[PDB]
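Below is one structure, written out as structure tokens; comments come after it.
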Amino acid sequence: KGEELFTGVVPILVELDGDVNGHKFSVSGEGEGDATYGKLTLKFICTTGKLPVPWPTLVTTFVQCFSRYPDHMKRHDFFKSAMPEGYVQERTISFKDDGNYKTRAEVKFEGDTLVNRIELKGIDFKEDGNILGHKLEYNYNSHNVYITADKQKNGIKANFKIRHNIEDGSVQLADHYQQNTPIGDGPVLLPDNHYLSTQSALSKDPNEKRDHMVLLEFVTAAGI
Amino acid sequence: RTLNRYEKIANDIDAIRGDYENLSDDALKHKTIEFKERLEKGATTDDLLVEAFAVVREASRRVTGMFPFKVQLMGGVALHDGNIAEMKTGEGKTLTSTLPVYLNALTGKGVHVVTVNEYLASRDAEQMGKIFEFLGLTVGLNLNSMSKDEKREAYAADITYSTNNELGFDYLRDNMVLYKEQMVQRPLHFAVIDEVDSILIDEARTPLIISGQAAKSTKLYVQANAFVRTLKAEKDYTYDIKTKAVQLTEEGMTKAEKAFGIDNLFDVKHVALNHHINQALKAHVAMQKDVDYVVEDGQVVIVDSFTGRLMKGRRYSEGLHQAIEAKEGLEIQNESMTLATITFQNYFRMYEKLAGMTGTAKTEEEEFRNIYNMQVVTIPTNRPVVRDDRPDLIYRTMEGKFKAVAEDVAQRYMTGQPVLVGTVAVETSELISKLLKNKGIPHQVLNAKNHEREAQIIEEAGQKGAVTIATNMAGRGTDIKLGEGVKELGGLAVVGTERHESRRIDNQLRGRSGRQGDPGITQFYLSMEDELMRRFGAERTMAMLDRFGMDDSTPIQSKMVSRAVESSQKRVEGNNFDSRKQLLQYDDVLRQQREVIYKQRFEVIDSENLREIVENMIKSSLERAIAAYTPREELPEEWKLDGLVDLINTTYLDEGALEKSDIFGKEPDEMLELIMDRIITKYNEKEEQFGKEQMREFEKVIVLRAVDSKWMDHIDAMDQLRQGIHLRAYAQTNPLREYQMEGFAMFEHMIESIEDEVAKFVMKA
Amino acid sequence: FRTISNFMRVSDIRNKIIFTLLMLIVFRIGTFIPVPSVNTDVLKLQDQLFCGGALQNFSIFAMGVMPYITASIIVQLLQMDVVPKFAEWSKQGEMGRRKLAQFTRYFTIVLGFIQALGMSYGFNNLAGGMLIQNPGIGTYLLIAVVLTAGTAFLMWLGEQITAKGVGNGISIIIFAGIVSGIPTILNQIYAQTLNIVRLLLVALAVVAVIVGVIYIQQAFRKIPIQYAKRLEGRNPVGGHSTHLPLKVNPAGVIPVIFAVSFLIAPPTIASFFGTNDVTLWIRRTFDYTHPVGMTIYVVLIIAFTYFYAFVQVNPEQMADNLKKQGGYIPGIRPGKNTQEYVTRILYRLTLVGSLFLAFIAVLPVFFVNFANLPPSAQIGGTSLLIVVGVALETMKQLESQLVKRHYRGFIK
Amino acid sequence: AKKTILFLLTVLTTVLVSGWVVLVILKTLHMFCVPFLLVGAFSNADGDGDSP
Amino acid sequence: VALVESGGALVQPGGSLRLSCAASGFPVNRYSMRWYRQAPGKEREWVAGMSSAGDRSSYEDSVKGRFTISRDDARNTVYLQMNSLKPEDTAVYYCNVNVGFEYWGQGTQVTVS
Amino acid sequence: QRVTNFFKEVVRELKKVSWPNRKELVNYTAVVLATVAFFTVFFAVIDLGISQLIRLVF
Ligand SMILES: Nc1ncnc2c1ncn2[C@@H]1O[C@H](COP(=O)(O)OP(=O)(O)O)[C@@H](O)[C@H]1O
Ligand code: BEF
Ligand SMILES: [Mg+2]
């Protein structure tokens with residue numbers, strides 16, 4: 001069990017601090033997650049001021065356990081084995097034609113609620129590219145996250161590429177290399193290759209004042 | 001009097017029998033071909049009556065050797081006219097069923113022969129298939145566990161033997177189709193029913209439900225099971241035995257609130273916890289383990305009260321089945337969700353012509369008159385009844401009754417006389433069996449769990465010294481043939497052990513021993529603490545029960561106890577009558593809605609180009625939104641057209657199509673005409689881009705998906721209203737009128753939602 | 001108005017309303033054919049020297065249907081805590097309702113017999129010596145038999161209206177009696193003629209009081225009930241939740257009858273006693289038209305409507321019946337506390353309904369004193385309440401059959 | 001003691017029946033017949049689900 | 001919001017043909033439409049696409065200076081071009097717009113031989 | 001003064017009563033006035049008709 005216990009709706013705290021080019025950012029937020037339908041309805045608020053890197057470069061940094069599983073892939077999940085014990089994930093995010101994110105997050109059930117504690121450090125940057133020039137459309141695309149396991153570290157290595165709609169009419173193809181670690185050491189479940197077919201939606205609240213990102217998101221898996 | 005008409009018809013049948021005997025073979029099938037070609041020229045069914053009955057009589061003589069008597073021809077011609085032909089039990093009703101189904105299937109429409117359970121259906125199917133295949137027709141036995149194509153091939157035949165559950169579920173799954181070739185039934189023509197009393201009176205109470213699996217919850221069931229397991233019984237919950245229900249007492253409520261840590265149990269936030277507690281309590285107390293279900297391979301299979309069998313498909317509702325699964329630690333599975341709902345009365349009233357033989361329907365002739373527009377033709381017996389039936393032997397406490405019936409079956413076993421021991425529940429049959437384990441008597445118990453040996457058990461239950469303990473499987477239509485040397489000593493001494501729910505059922509159990517004028521013995525046995533007596537007995541006579549002592553070596557001899565037994569049984573029949581009438585006149589409204597909805601769904605399935613249908617739905621929802629804004633009673637020039645043009649640009653049209661200055665205070669009919677013109681042009685663009693066919697399939701999928709979803713929500717809300725209306729009859733109005741008005745209002749809300757959903761899904765995709 | 005034209009388009013409801021009008025004509029022609037010994041010319045002279053049915057013609061059914069209502073209210077009071085036999089008959093199902101109805105029929109026969117004897121003797125008293133030719137005890141059998149025959153024929157007619165007519169047949173019959181008493185007092189109002197301002201003032205008063213009676217009588221108090229055994233675990237609309245209604249006037253026109261019975265009983269025993277100063281003092285002081293018995297009338301109205309409210313709803317049996325099948329008021333225990341809750345709600349509702357019914361009962365004497373009115377008018381009495389009640393329920397029943405006939409379908 | 005007041009009101013209804021034993025008069029007969037009360041329509045008083 | 005595309009045929013590398021993709025259910029006027037291609041065995045890659053109502057247009061470097069994406073608001077569709085093509089560009093071509101979700105065309109197969 | 005809170009509760013419970021609105025009240029008033037006028041006109045007509053009949057049959 002574990003997250004089979006959390007079939008009902010789950011509170012989601014997100015806390016993020018980070019630095020890019022010596023410039024500070026701190027964004028928080030709260031919402032709900034569901035597993036039997038597998039969706040995330042999240043109200044996120046920038047509680048420091050203005051965004052150094054924009055929200056679309058933030059959303060893959062913003063809690064992958066809230067998938068929707070049909071009857072056959074119930075054996076083939078890792079993300080219900082390290083929970084409620086806790087979860088740690090770090091990513092190397094290579095922007096082509098720009099520098100690199102090293103993101104540093106622990107995703108765990110603190111008390112009850114799913115807290116994602118993220119510290120992001122973005123190095124190798126030139127400010128006169130597209131990301132610090134804020135060339136991103138207010139949107140996020142649909143993707144397929146490829147999941148495999150390693151047994152020397154007995155964790156999950158995830159490979160995917162993502163596609164940001166640039167406001168000039170281009171796309172930033174950026175690749176995520178993702179490392180996924182348990183905190184507890186109970187029954188680990190290391191399945192084969194599969195893929196999260198995911199889609200998103202970014203919108204706003206007409207009766208809210210500050211610069212805030214509203215996230216709605218669907219996850220499904222397939223392959224196995 | 002129509003009996004003289006039937007008698008002179010039978011005399012004509014014998015007259016044409018007088019010369020049909022010398023006919024050789026292969027002209028009978030030629031006679032069937034001749035009837036088929038002669039029928040459509042100018043002939044009706046009643047014109048070809050006598051020759052068809054005579055030739056099927058001759059065919060029965062040539063095939064099975066059972067020559068029908070005079071009275072069976074009267075029953076056949078009564079079944080042709082559409083009237084219930086009540087014949088007594090064991091009078092050979094099966095060939096009487098073969099006569100008018102051979103008469104009416106020459107048209108080629110299709111004739112359904114319906115009976116109660118599976119084994120009786122298969123037996124009649126094989127025997128009358130041996131009869132009818134000699135004539136040249138096609139007989140298809142319908143089953144419960146066939147494929148879709150096997151059912152399609154079965155209903156494609158001339159005569160379809162089936163049970164009532166399979167016919168009802170095939171009609172109900174015939175209106176959840178995404179195509180037309182996946183339909184399984186023909187148009188409905190004719191339905192000869194066996195055991196009309198049971199099907200249309202007894203189990204006409206329970207409707208038919210089809211449900212798909214919904215989301216699964218687990219924690220509440222196991223928590224409620226633990227809490228109910230620690231509950232100390234009598235002190236903390238009451239259990240009324242007059243009707244099967246349980247409620248917590250005040251101390252039980254305090255223990256419940258201190259167990260889960262909540263402050264108030266009956267708060268509106270804690271409706272789910274209270275519902276789970278109540279359902280777990282009812283599953284743990286009211287439903288006994290082997291009286292109402294069994295345990296098979298980790299699953300829970302419920303046992304039907306009426307036919308006595310177990311139906312492998314049908315779980316309970318309202319989460320009660322999940323609590324039963326949690327009672328024994330089994331794997332709790334998904335939750336139910338109602339898809340469609342029909343009762344037996346409306347379904348058999350759609351059949352446009354029906355008739356049915358029975359055994360004991362003389363008591364319910366006014367109910368057959370009021371509902372199905374049929375009358376009960378009594379029919380003579382052709383031989384006097386020698387089925388002697390002694391009066392009841394009412395006893396004290398139940399183990400005395402079991403001792404007495406054990407002594408009776410022991411003194412009858414050592415004489416060679418076969419004895420069929422009837423029972424009602426399942427585990428009490430095992431109790432009688434293990435009480436017969438001592439004294440060493442061989443027997444074959446016929447439970448709901450030992451059902452796979454039924455044919456060899458039944459054919460072996462008519463020989464020398466055979467003892468058969470059987471529950472309600474042997475009740476309705478079990479035919480036990482008297483074997484060798486058994487008619488000398490008056491075979492088949494049928495011994496019941498419980499007064500049944502109605503007079504018809506135990507009268508049928510009594511009539512199981514008759515078998516065409518053969519001597520049989522029928523003794524009953526009752527208990528003063530029996531389930532029927534403790535459940536519905538009069539409270540005044542309960543003090544008189546202790547006045548007769550307690551030794552239980554002899555039965556009671558009093559008229560007061562017999563009067564109490566008969567009054568209790570008539571009270572049970574009155575309760576069933578009231579429940580039947582109330583459920584019928586409440587389901588009439590749902591019948592009137594469901595016929596319309598299924599008619600429109602079947603209309604939009606087989607359409608060559610249903611462009612006008614989605615056009616009409618879009619313009620109807622559009623003008624309803626037009627009248628939803630811009631009201632007649634406010635004024636012009638303050639109608640707030642900005643919200644309307646936003647609603648049109650988001651919902652009906654695309655974003656950059658309209659503004660306020662396009663209309664800005666015009667007449668509403670001309671403005672909806674202009675919006676309809678733009679929608680027509682946009683839909684023409686969509687039709688010319690998708691082509692003729694892919695657009696049609698797309699909107700057909702949209703219409704069918706939306707219609708199914710909103711119909712499911714409507715039937716769920718209608719049941720939720722059906723409880724509340726019985727509550728609502730407290731102000732001095734009859735509740736049925738309020739139910740009809742509220743059902744019509746909810747139907748209008750559902751059809752407005754269906755038009756809005758199909759508009760906003762067609763026009764934005 | 002298109003609503004009345006929609007009814008004639010439907011064949012079946014126009015058949016039943018034409019049948020109802022025909023049976024109404026059958027009732028209305030019956031009150032002009034009397035018993036073979038009335039001497040009704042002297043009776044029409046004696047009133048010269050609105051219960052105008054027997055006043056014009058002491059007919060075959062001059063008593064009418066009043067024994068049916070008094071026998072039904074007698075057996076309805078007898079069902080509650082005074083005999084175990086009728087309690088078991090009430091709680092043995094609809095078969096008990098069948099024999100209860102047959103017992104009610106026999107009770108109507110005997111009660112109509114004894115009240116026909118009483119009313120015959122009482123009308124012979126106000127006649128004085130001669131009302132029936134050779135008036136003795138042997139002549140009472142004929143008038144008693146024909147009055148009970150008229151009552152049984154009226155009850156058969158009411159059964160036929162409940163079967164194939166429009167609505168509750170006895171209610172239609174009582175309504176017919178009231179609106180048949182109307183046009184004679186309309187003729188008296190026309191023949192009385194200050195001229196116009198009194199007429200327009202009483203028209204405004206009648207419209208205002210009938211608007212007030214409709215505004216009170218249709219008002220509900222919705223106690224919400226949530227059922228335990230129902231899941232309610234899908235997507236709801238929530239427009240029509242399950243709820244328990246309580247009428248603001250839960251009794252009806254029972255307690256005015258109880259009040260007038262207890263009020264006119266002491267004049268009856270004073271007339272049986274004979275002549276005394278205390279007899280005339282009682283007759284002067286126990287009159288509700290005099291304002292010294294009006295307070296007695298109002299307090300009797302209030303006490304009897306509290307009694308009939310607590311015997312009609314029966315909150316203890318209501319609470320037990322509601323606990324026996326599932327649900328509950330939210331936040332309330334399903335034992336004693338729900339009974340206390342519904343008792344407090346019933347207290348306040350029957351207080352406001354009590355004041356309403358007392359004002360309606362005290363209205364017509366105020367109208368006849370402050371309107372310069374003939375005394376046989378009796379406008380705004382219990383007749384107003386029963387007329388509006390049966391009119392509203394018949395209109396609701398007909399509109400229910402009309403909306404049964406209407407069904408749209410989304411092909412159109 | 002409410003059974004006593006129930007019996008008292010029923011015998012008061014029989015007194016209303018026997019009130020025509022009398023030995024203005026129009027007002028009295030309007031107290032006798034005119035009200036013409038309505039029957040209250042008193043008592044319109046009033047198994048599991050299954051699966052495929 | 002379902003893209004239907006046409007204009008694909010067997011072509012020589014010396015001819016120029018237009019590739020059309022009709023947009024149905026949403027305006028062309030205010031969204032960025034992009035063209036993709038995918039050969040059998042190749043991964044689906046971005047080829048071209050223009051935003052801001054067709055005043056600035058970007059292309060990939062394989063057909064830069066060769067291809068041109070055009071559109072019409074009255075016809076509510078876009079037009080690609082196969083000018084100066086090569087057999088290396090044998091693929092099944094896709095049109096891709098993002099309005100809320102991301103909708104793909106069914107794919108037009110062009111083979112060069 | 002144990003009746004101030006009592007009558008306050010009476011008014012508070014009267015504010016929870018679901019009174020009918022204006023349109024249905026006007027519709028009900030029109031319906032009941034229409035049926036009482038129709039019944040009184042019909043009964044006057046049929047009473048004068050049976051009076052003429054009983055006059056002509058003497
Ligand atoms: N004409 C006949 N001649 C000989 N035997 C018959 C004839 N008709 C019926 N029977 C026997 O009587 C039995 C009655 O069986 P069945 O018709 O199933 O019972 P029911 O009459 O209760 O439906 C049959 O098993 C059959 O063998
Ligand atoms: F009605 Be029978 F004995 F099949
Ligand atoms: Mg049979």
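By order of appearance in the structure tokens: chains A, B, ..., then residues from 1 within every chain, and ligands from 1 in the order shown.
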Report the closest atom pair, with its distance in Å rounded to one decimal, for each residue of chain F that has an atom no farther than 10 Å from chain C; count only C-alpha atoms, sort by chain and then rising residue number, and write it as CSV.
```
residue,atom,partner,partner_atom,distance
F:6,CA,C:348,CA,9.0
F:7,CA,C:348,CA,8.8
F:9,CA,C:348,CA,8.1
F:10,CA,C:348,CA,5.6
F:11,CA,C:348,CA,8.9
F:12,CA,C:348,CA,9.9
F:13,CA,C:348,CA,7.3
F:14,CA,C:349,CA,8.0
F:16,CA,C:221,CA,7.1
F:17,CA,C:221,CA,5.0
F:18,CA,C:220,CA,5.5
F:19,CA,C:219,CA,4.9
F:20,CA,C:219,CA,6.6
F:21,CA,C:215,CA,9.1
F:22,CA,C:215,CA,9.7
F:25,CA,C:215,CA,7.0
F:26,CA,C:211,CA,8.3
F:28,CA,C:392,CA,7.3
F:29,CA,C:211,CA,6.5
F:31,CA,C:392,CA,7.9
F:32,CA,C:391,CA,6.0
F:33,CA,C:207,CA,9.0
F:34,CA,C:391,CA,9.9
F:35,CA,C:391,CA,7.2
F:36,CA,C:179,CA,7.1
F:37,CA,C:179,CA,9.0
F:38,CA,C:179,CA,9.7
F:39,CA,C:179,CA,6.5
F:40,CA,C:179,CA,5.7
F:41,CA,C:183,CA,8.0
F:42,CA,C:180,CA,9.4
F:43,CA,C:180,CA,6.1
F:44,CA,C:183,CA,6.4
F:46,CA,C:25,CA,7.7
F:47,CA,C:28,CA,7.9
F:50,CA,C:29,CA,7.3
F:51,CA,C:32,CA,9.1
F:54,CA,C:32,CA,9.3
```
(Q) ligand 1: which residues are within 7 Å, counting only C-alpha atoms and all ligand atoms? Reply as a ChimeraX atom specification. (A) /B:66-69,89-95,477,479,481,515-516
Q: Go ahead and compute the interatomic distance for atom CA of residue 130 of chain C and atom CA of residue 62 of chain C, in Å to one decimal.
A: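 Computing the Euclidean distance for atom CA of residue 130 of chain C and atom CA of residue 62 of chain C yields 18.5 Å.
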Q: Check which residues fall inside 12 Å of ligand 2 when counting only C-alpha atoms and all ligand atoms, and print them as a count of residues only.
A: 48
Q.
I need the contact residues of chain B against chain C, so if you could list those with any atom within 8 Å, counting only C-alpha atoms, and return them as a PyMOL selection string, that would help.
A. chain B and resi 245+247+250+264-268+271-272+274-275+278-279+318-319+571+574-575+578+596-597+600+613+616-617+713+717+720-721+723-725+727-728+730-731+737+740-741+744+751+755
**Q.** Residues within 12 Å of residue 490 of chain B, only C-alpha atoms, excluding chain neighbours under 5 positions, as a PyMOL selection string
**A.** chain B and resi 386-388+412+415-419+462+464+482-485+513-515+517-522
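Residue-level contacts from chain E to chain B at 6 Å, counting only C-alpha atoms, read residues 1, 25 and 26 of chain E.
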Q. What lies within 10 Å of residue 52 of chain E using only C-alpha atoms, ignoring chain neighbours under 2 positions off, as a list in words?
A. residues 167, 168 and 169 of chain A; 29, 30, 31, 32, 33, 50, 54, 55, 56 and 57 of chain E
Output as a tab-separated table one row per residue of segment 225-334 of chain C within 12 Å of segment 28-51 of chain D: the closest atom pair and its distance in Å to one decimal place, counting only C-alpha atoms, sorted by chain and residue number ascending.
```
residue	atom	partner	partner_atom	distance
C:229	CA	D:48	CA	10.9
C:230	CA	D:49	CA	11.5
C:249	CA	D:40	CA	11.6
C:250	CA	D:40	CA	9.5
C:251	CA	D:40	CA	7.5
C:252	CA	D:40	CA	6.8
C:253	CA	D:37	CA	5.9
C:254	CA	D:37	CA	6.9
C:255	CA	D:37	CA	9.7
C:256	CA	D:35	CA	8.5
C:257	CA	D:37	CA	7.2
C:258	CA	D:37	CA	10.5
C:259	CA	D:31	CA	10.8
C:260	CA	D:31	CA	7.1
C:261	CA	D:31	CA	8.8
C:262	CA	D:31	CA	11.6
C:263	CA	D:31	CA	9.7
C:264	CA	D:31	CA	7.9
C:265	CA	D:32	CA	11.1
C:267	CA	D:28	CA	10.0
C:268	CA	D:28	CA	10.6
C:283	CA	D:28	CA	11.2
C:287	CA	D:28	CA	9.8
C:288	CA	D:31	CA	10.1
C:289	CA	D:28	CA	11.0
C:308	CA	D:40	CA	10.9
C:309	CA	D:40	CA	11.7
C:311	CA	D:42	CA	10.6
C:312	CA	D:42	CA	7.4
C:313	CA	D:42	CA	9.4
C:314	CA	D:43	CA	11.5
C:318	CA	D:45	CA	11.2
C:321	CA	D:46	CA	10.4
C:322	CA	D:46	CA	11.9
C:325	CA	D:46	CA	11.6
```
Could you dump the residues just selected with C-alpha atoms as a PDB file, in the first residue's frame?
```pdb
ATOM      1  CA  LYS C 229     -28.535   3.990   3.427  1.00  0.00           C
ATOM      2  CA  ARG C 230     -28.206   6.092   0.266  1.00  0.00           C
ATOM      3  CA  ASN C 249     -51.821  25.094   9.364  1.00  0.00           C
ATOM      4  CA  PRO C 250     -51.392  21.350   9.972  1.00  0.00           C
ATOM      5  CA  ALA C 251     -54.981  20.701  11.073  1.00  0.00           C
ATOM      6  CA  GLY C 252     -57.373  22.239   8.571  1.00  0.00           C
ATOM      7  CA  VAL C 253     -61.028  22.888   9.362  1.00  0.00           C
ATOM      8  CA  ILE C 254     -61.298  20.276  12.127  1.00  0.00           C
ATOM      9  CA  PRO C 255     -60.897  22.549  15.192  1.00  0.00           C
ATOM     10  CA  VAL C 256     -63.598  25.016  14.183  1.00  0.00           C
ATOM     11  CA  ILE C 257     -66.007  22.057  14.211  1.00  0.00           C
ATOM     12  CA  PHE C 258     -64.707  20.959  17.604  1.00  0.00           C
ATOM     13  CA  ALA C 259     -65.062  24.539  18.867  1.00  0.00           C
ATOM     14  CA  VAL C 260     -68.636  24.967  17.647  1.00  0.00           C
ATOM     15  CA  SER C 261     -69.552  21.536  19.058  1.00  0.00           C
ATOM     16  CA  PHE C 262     -68.240  22.385  22.529  1.00  0.00           C
ATOM     17  CA  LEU C 263     -69.798  25.846  22.213  1.00  0.00           C
ATOM     18  CA  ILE C 264     -73.351  24.819  21.272  1.00  0.00           C
ATOM     19  CA  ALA C 265     -73.505  21.815  23.607  1.00  0.00           C
ATOM     20  CA  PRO C 267     -77.366  25.586  24.869  1.00  0.00           C
ATOM     21  CA  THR C 268     -78.457  22.053  23.934  1.00  0.00           C
ATOM     22  CA  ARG C 283     -77.857  31.368  26.019  1.00  0.00           C
ATOM     23  CA  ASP C 287     -73.215  33.113  21.847  1.00  0.00           C
ATOM     24  CA  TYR C 288     -70.218  33.729  19.615  1.00  0.00           C
ATOM     25  CA  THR C 289     -71.934  36.579  17.760  1.00  0.00           C
ATOM     26  CA  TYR C 308     -55.377  18.347  16.443  1.00  0.00           C
ATOM     27  CA  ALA C 309     -51.897  19.446  15.387  1.00  0.00           C
ATOM     28  CA  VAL C 311     -52.738  14.263  16.949  1.00  0.00           C
ATOM     29  CA  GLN C 312     -52.396  14.739  13.180  1.00  0.00           C
ATOM     30  CA  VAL C 313     -48.608  14.902  12.857  1.00  0.00           C
ATOM     31  CA  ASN C 314     -48.017  12.707  15.969  1.00  0.00           C
ATOM     32  CA  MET C 318     -43.174  10.333  13.321  1.00  0.00           C
ATOM     33  CA  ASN C 321     -41.084   5.889  11.956  1.00  0.00           C
ATOM     34  CA  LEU C 322     -38.236   8.094  10.748  1.00  0.00           C
ATOM     35  CA  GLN C 325     -35.853   3.445   8.189  1.00  0.00           C
TER      36      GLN C 325
END
```
Q: Looking only at strand (DSSP E or B) from DSSP on the backbone, list the matching residues of segment 14-99 of chain E as a ChimeraX atom specification.
A: /E:20-22,33-38,45-51,56-59,70-72,77-79,91-99
